[PDB]
Structures are given as C-alpha cells and as structure tokens.
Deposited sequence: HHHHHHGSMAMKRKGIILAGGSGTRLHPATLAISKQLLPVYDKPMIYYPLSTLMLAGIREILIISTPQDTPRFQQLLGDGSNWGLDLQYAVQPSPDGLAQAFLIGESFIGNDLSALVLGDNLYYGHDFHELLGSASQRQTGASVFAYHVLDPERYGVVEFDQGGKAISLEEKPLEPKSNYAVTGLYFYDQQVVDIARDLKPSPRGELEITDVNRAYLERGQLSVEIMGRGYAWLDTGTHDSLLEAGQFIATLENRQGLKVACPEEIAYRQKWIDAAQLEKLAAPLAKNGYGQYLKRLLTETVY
C-alpha cells in the first residue's frame, strides 16, 4: 500500500546480563545498576543518548532486573524523556536488541548504546549531535586501546579509510576498537533479522556493522585520545572508572552524566521541574547539586 512522507532518532540501551563473569559481585544485581562513584552505571549511557538529543529510549534488561530499572528511571517524564522497557530472557548477543526493539523502533532512525559504556570529553555534545544528524547509513566511533583483541577492531588503509572489521581478532590489524555506541538508519532491523549466530552462539553487532561497510554506508569517526572511553569489564576497571569520575567531579564541582542536569540544559525540563526533582534529595550532595544548578551560569 501507499505510504506518505512528512530529531526522531530513537535510542536503545542494552542493560542485560553480564553472565557469571563478575560473579559473585553481580549475583544480587545487574552490572548496569552498580554505581560508578555516585550514580548507577546506567546513568552514563543514558546521559550519552540524551547528549545526542535522543528523548525516546528503550531499556533492555533481564526479566529479573527490569523492575529495579523501572523503579530507578520510571517512564522518563520526570526528565523530559519517554522510557520504554523490554526484557531479554537469554543473553543471545547485542544485535538482538534490534529484534527485541523492532516494534519500538518502527520506521525511525536509531542508536544503540551499551549500558556499561561511559564516555567523557570535550564537545561530546557536538560529536554526538553530528552523528545523529547523518540520517543514512551507520555511524560508529573508533578508539585507540591497549587490548584491541577484546573488541571489534577496525582496519584503515593508508588514506585513513576503514576497510575491514574483525570481532576479537587474535592478531588485531590496529589498536582501534569500535566503542559501544552505534547510530543506524532504517535498514538495521532487516540486517539484524538476517544474521545467523556466530560460533559463540551470539548475534554479533560487528556483523551488522560489516553489512553497512560492504554497502559503503559505514562512517567510522575517530574518538581521539583526549576523550575517555571507559568500560567496566573487570572489577579492576570498574574501580578505575569510579576513581576517574570522582577525581573530575570533586575537582570541578560539576557532575558527569547527571540526567536531571542534561535535561535542564537541553530545555526538556524547566527550572520549576528541576526544583521539584531536587526537593526529595535535598539532604544529600546530589539534591544540593541540582539546587545549585538553578542559581549558576555554567559555560
């Protein structure tokens, strides 16, 4: 039948099971509900989507922990967002987010973020706003790491054009890992639907990204060394991520990934709404921070 034709990019946060890998620390709750310093891990990637201008977001978690994500985040209305929830019964891979979120996505552009990925740096807002406005094809970010063999790895020719993607290569072609933030057009769900599980039994995001690469529709932007991309893969790196955020925040007196703040700066909530969000947290440093935001100009 006939369709008609007349900002809308939707977001997805994958906040499912980290299996048994960080057990026993994660036996009683999801990794993405563990705090990084002063706030739940999931505030960080949520803030990343918000900085990209995305207000309609699906959170994918396990059946066991969806209610706790719901208690924490609600339907998003407090922060000028709309948050929806979906469950992932079995951790069958990151590309399953698109099958799980098919109805949520509809006919729109989308972005996927890993619920345990934290980014920090300058003009991040601008770096994200950019990729979001590129409507067709896919956009990813490559970042120089010490251990590229743990990641999807991008190979570049001498001109600096991406020419290949390999998932966890034993002999990486570069030290450039693909980060856990992905922007996609309307082709992604069909590409995902045609994926066959890898030898590990999982539906691989690198296969989605390779599909765009083969079509000549993959933009790979370098996220330079002056950005911090932390993930919380080990107990040791989770501790480092906490110390990192604590050092920045205690130095600056400004928070990284405060959603109330980001919504306020985006004009998604007003001063009066922000004041209401501060009232219940007024006795701790978090509510006090929100209060101070109403009476200060921050450039």
Missing CA coverage against the deposited sequence, listed in sequence order. 7-10
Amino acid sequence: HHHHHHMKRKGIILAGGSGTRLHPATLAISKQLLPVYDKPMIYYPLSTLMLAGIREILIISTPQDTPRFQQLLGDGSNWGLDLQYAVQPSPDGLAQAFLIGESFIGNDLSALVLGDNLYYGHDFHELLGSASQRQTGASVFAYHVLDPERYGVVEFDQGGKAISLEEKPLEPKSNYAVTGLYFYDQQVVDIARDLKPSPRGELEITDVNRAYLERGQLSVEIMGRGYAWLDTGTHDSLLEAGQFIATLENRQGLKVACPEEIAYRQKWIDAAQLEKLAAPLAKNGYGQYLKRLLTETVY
From here on, numbers count along this sequence of modelled residues.
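Basically, rigid core = biggest C-alpha set you can superpose within 1.5 Å across the two forms.
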Core superposition done, the stretch whose Cα atoms deviate more in 8 other deposited structures of this protein, picking from 243-251 and 229-237, is 229-237
Quick one: core-superposed, which stretch strays further from the shown model in 8 other deposited structures of this protein, 41-49 or 63-71? Go by RMS C-alpha distance. 63-71
Greater mean Cα temperature factor according to the PDB record, 193-201 or 80-88: 193-201
If you average the Cα B factors in the entry, which is higher, 92-100 or 109-117? 92-100
Maximum C-alpha temperature factor per the entry, among 159, 226, 74, 152, belongs to which one? 159
Deposited CA B-factor, highest of 140, 188, 177, 128: 128
Looking at the entry's B-factor column for C-alpha atoms only, identify whether residue 31 ranks in the lowest, middle or highest third of its chain. middle
Chain-relative C-alpha B factor for residue 235 (record values, thirds): the lowest
Chain-wide C-alpha B factor ranking for residue 270, given as lowest, middle or highest third: highest
Third assignment of residue 144 from its chain's C-alpha B-factors: lowest
Against its chain's modelled residues, does residue 13's Cα B factor rank lowest, middle or highest third? lowest
